[PDB]
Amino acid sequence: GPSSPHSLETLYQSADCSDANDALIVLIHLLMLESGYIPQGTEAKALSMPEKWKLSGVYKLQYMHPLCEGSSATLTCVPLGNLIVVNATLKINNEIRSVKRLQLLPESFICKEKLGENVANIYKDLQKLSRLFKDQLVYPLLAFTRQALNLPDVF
């Protein structure tokens, strides 16, 4: 089989998810880590969710990237209806720029009726979410960031 991530397991445990929305954000965060992003608000990125990743009904995750020095990226995730809207934002030289808004449906990727079971049971269609999230957010964010910093394309 493919070996699962050690990190999702521990990150999910650290997250103390209360619903399907929390579970989706954990996976989103993991995908950012696997693409090289370094999160603020945690001492061991692979072991614990950032401090205040979940607050006031919204989610906030902040990162820097080793290939994007001179900037920071923020994901602001907001539940709207049955969807979660992921807003990607870039900060360079105290200027704030909007990069992407992505609509995600948790039910497509989370089995909410298996929330009280294992990580292997909670998430379904993992490669599908990874390809979607990377294709539609992570990679355009990196490209946008590289452009703004006047650097060559990473891919």
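Residue numbers here begin at 1 and follow the sequence given.
In this entry, 118-126 has the higher mean Cα B-factor, the comparison being between 27-35 and 118-126. The PDB entry assigns its highest CA temperature factor, among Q136, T145, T10, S18, to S18. In the deposited entry, the Cα temperature factor of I96 sits in the middle third of values across the chain's modelled residues. Among the modelled residues of the chain, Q103 sits in the middle third by CA temperature factor in this PDB entry. In the PDB entry, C111 places in the highest third of its chain by CA B-factor. Compared with the other modelled residues of the chain, the Cα B-factor recorded for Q40 ranks in the middle third. Among all modelled residues in its chain, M49 ranks in the middle third by Cα B-factor.
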